Protein chains: 2
Amino acid sequence: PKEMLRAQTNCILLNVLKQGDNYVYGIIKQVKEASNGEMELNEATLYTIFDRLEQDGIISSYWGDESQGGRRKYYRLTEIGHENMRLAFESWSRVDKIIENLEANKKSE
Amino acid sequence: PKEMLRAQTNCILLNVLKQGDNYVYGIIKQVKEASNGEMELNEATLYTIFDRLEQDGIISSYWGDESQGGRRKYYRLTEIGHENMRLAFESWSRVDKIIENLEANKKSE
């Protein structure tokens with residue numbers, strides 16, 4: 001779907017922030033880099049997601065670069081956010097185990 | 001969260017049907033089997049999901065033939081449903097590549 005896309009886009013984003021705090025264009029560049037140019041995120045899309053995540057307590061922002069040229073919003077993964085990433089990762093690898101078992105449980109029958 | 005679980009239950013369920021057509025208690029048993037008893041799915045929750053998937057054209061149901069003891073409802077993964085599974089699988093493995101790259105791109109720097 002386009003929902004499929006939105007969960008997939010969240011994952012990538014959180015994994016960017018996981019590598020380090022960052023700002024919009026910084027984040028977009030890493031995605032472009034790590035997708036060999038294929039995935040080009042939008043500012044609007046990134047911010048739309050980042051607003052949701054911020055409210056739900058997954059990420060927090062803060063100001064920087066006041067002295068560099070002008071204010072920039074940076075984003076960071078909260079302690080809750082780190083936990084939920086670990087939880088998601090744990091759960092999905094668990095889903096992978098269950099799925100491989102279902103394919104062996106068919107050989108059994 | 002809750003909406004993470006729903007996404008996982010879904011993944012498991014579609015992968016059960018992927019192994020073959022099946023009915024509710026048959027499905028529940030396979031999940032219990034393949035999760036070493038950890039995941040015991042609820043009928044209401046399974047049907048709630050199965051109604052959504054059926055409406056969106058992802059799965060169809062039908063009656064067994066050899067149903068003297070009483071009618072048995074089977075479930076089956078549609079054409080569309082198979083495609084979406086292939087799409088999802090393709091996309092998520094792509095997401096995994098992008099994620100591994102992000103972690104190497106940071107090791108570099």
# chains A, B, ... in the order shown; residues from 1 in each chain; ligands from 1
>>> interface_residues(of="chain B", to="chain A", cutoff="8 Å", atoms="only C-alpha atoms", output="count of residues only")
22
>>> select_by_dssp(residues="range 1-89 of chain A", states="strand (DSSP E or B)", output="PyMOL selection string")
chain A and resi 22-23+59-64+72-77
>>> calpha_fit_rmsd(fixed="chain A", moving="chain B")
0.9 Å
>>> residues_around(residues="residue 72 in chain A", least_positions_apart="2", cutoff="6 Å", atoms="only C-alpha atoms", output="PyMOL selection string")
chain A and resi 63-65
>>> select_by_dssp(residues="chain A", states="helix (DSSP H, G or I)", output="PDB file with C-alpha atoms, in the first residue's frame")
ATOM      1  CA  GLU A   3       0.633   2.531   4.474  1.00  0.00           C
ATOM      2  CA  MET A   4       3.312  -0.124   3.823  1.00  0.00           C
ATOM      3  CA  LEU A   5       5.433   2.809   2.672  1.00  0.00           C
ATOM      4  CA  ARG A   6       4.808   4.856   5.847  1.00  0.00           C
ATOM      5  CA  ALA A   7       5.924   2.151   8.239  1.00  0.00           C
ATOM      6  CA  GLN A   8       8.938   1.450   6.017  1.00  0.00           C
ATOM      7  CA  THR A   9       9.769   5.154   5.909  1.00  0.00           C
ATOM      8  CA  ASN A  10       9.512   5.422   9.708  1.00  0.00           C
ATOM      9  CA  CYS A  11      11.961   2.537  10.151  1.00  0.00           C
ATOM     10  CA  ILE A  12      14.604   4.098   7.930  1.00  0.00           C
ATOM     11  CA  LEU A  13      14.235   7.459   9.591  1.00  0.00           C
ATOM     12  CA  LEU A  14      14.586   6.065  13.136  1.00  0.00           C
ATOM     13  CA  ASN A  15      17.630   4.130  11.945  1.00  0.00           C
ATOM     14  CA  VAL A  16      19.173   7.312  10.613  1.00  0.00           C
ATOM     15  CA  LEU A  17      18.698   9.028  14.003  1.00  0.00           C
ATOM     16  CA  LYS A  18      20.013   5.853  15.560  1.00  0.00           C
ATOM     17  CA  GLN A  19      23.351   6.558  13.831  1.00  0.00           C
ATOM     18  CA  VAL A  24      16.361  17.365   7.782  1.00  0.00           C
ATOM     19  CA  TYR A  25      18.833  17.718   4.914  1.00  0.00           C
ATOM     20  CA  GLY A  26      21.406  15.715   6.780  1.00  0.00           C
ATOM     21  CA  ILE A  27      18.870  12.914   7.103  1.00  0.00           C
ATOM     22  CA  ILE A  28      17.760  13.070   3.490  1.00  0.00           C
ATOM     23  CA  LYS A  29      21.395  12.813   2.357  1.00  0.00           C
ATOM     24  CA  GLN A  30      22.060   9.695   4.398  1.00  0.00           C
ATOM     25  CA  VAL A  31      18.985   7.972   2.951  1.00  0.00           C
ATOM     26  CA  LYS A  32      19.998   8.909  -0.602  1.00  0.00           C
ATOM     27  CA  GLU A  33      23.532   7.718   0.199  1.00  0.00           C
ATOM     28  CA  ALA A  34      22.423   4.401   1.750  1.00  0.00           C
ATOM     29  CA  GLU A  43      10.953  17.493   3.522  1.00  0.00           C
ATOM     30  CA  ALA A  44       7.145  17.514   3.991  1.00  0.00           C
ATOM     31  CA  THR A  45       6.982  13.747   4.381  1.00  0.00           C
ATOM     32  CA  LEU A  46       9.899  13.683   6.785  1.00  0.00           C
ATOM     33  CA  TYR A  47       8.395  16.466   8.926  1.00  0.00           C
ATOM     34  CA  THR A  48       4.926  14.970   8.835  1.00  0.00           C
ATOM     35  CA  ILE A  49       6.356  11.758  10.254  1.00  0.00           C
ATOM     36  CA  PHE A  50       8.668  13.602  12.647  1.00  0.00           C
ATOM     37  CA  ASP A  51       5.740  15.525  14.109  1.00  0.00           C
ATOM     38  CA  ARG A  52       3.914  12.241  14.838  1.00  0.00           C
ATOM     39  CA  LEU A  53       6.998  10.674  16.385  1.00  0.00           C
ATOM     40  CA  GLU A  54       7.711  13.708  18.518  1.00  0.00           C
ATOM     41  CA  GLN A  55       4.210  13.792  19.995  1.00  0.00           C
ATOM     42  CA  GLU A  79      15.040   6.753  25.629  1.00  0.00           C
ATOM     43  CA  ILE A  80      11.514   5.495  24.925  1.00  0.00           C
ATOM     44  CA  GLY A  81      12.427   5.658  21.217  1.00  0.00           C
ATOM     45  CA  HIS A  82      15.489   3.458  21.708  1.00  0.00           C
ATOM     46  CA  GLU A  83      13.503   0.915  23.669  1.00  0.00           C
ATOM     47  CA  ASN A  84      10.758   0.729  21.035  1.00  0.00           C
ATOM     48  CA  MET A  85      13.375   0.157  18.382  1.00  0.00           C
ATOM     49  CA  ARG A  86      14.830  -2.690  20.386  1.00  0.00           C
ATOM     50  CA  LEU A  87      11.317  -4.055  20.998  1.00  0.00           C
ATOM     51  CA  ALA A  88      10.373  -3.822  17.307  1.00  0.00           C
ATOM     52  CA  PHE A  89      13.621  -5.500  16.291  1.00  0.00           C
ATOM     53  CA  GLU A  90      13.177  -8.312  18.849  1.00  0.00           C
ATOM     54  CA  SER A  91       9.555  -8.864  17.787  1.00  0.00           C
ATOM     55  CA  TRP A  92      10.184  -8.925  14.047  1.00  0.00           C
ATOM     56  CA  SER A  93      13.077 -11.375  14.344  1.00  0.00           C
ATOM     57  CA  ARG A  94      10.643 -13.434  16.420  1.00  0.00           C
ATOM     58  CA  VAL A  95       8.143 -13.185  13.575  1.00  0.00           C
ATOM     59  CA  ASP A  96      10.920 -14.441  11.261  1.00  0.00           C
ATOM     60  CA  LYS A  97      11.479 -17.493  13.527  1.00  0.00           C
ATOM     61  CA  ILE A  98       7.772 -18.259  13.609  1.00  0.00           C
ATOM     62  CA  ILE A  99       7.654 -17.970   9.813  1.00  0.00           C
ATOM     63  CA  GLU A 100      10.613 -20.293   9.215  1.00  0.00           C
ATOM     64  CA  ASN A 101       9.024 -22.787  11.676  1.00  0.00           C
ATOM     65  CA  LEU A 102       5.745 -22.697   9.723  1.00  0.00           C
ATOM     66  CA  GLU A 103       7.704 -23.826   6.619  1.00  0.00           C
ATOM     67  CA  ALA A 104       9.278 -26.727   8.529  1.00  0.00           C
ATOM     68  CA  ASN A 105       5.891 -27.542  10.164  1.00  0.00           C
ATOM     69  CA  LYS A 106       4.643 -28.070   6.575  1.00  0.00           C
ATOM     70  CA  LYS A 107       7.451 -30.562   5.803  1.00  0.00           C
ATOM     71  CA  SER A 108       6.433 -32.358   9.002  1.00  0.00           C
TER      72      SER A 108
END
>>> closest_residue(among="B:71, B:21, B:77, B:42", to="residue 59 in chain B", atoms="only C-alpha atoms")
B:77
>>> atom_distance(atom1="CA of residue 38 in chain A", atom2="CA of residue 73 in chain A")
25.6 Å
>>> atom_distance(atom1="CA of residue 70 in chain B", atom2="CA of residue 57 in chain B")
26.6 Å
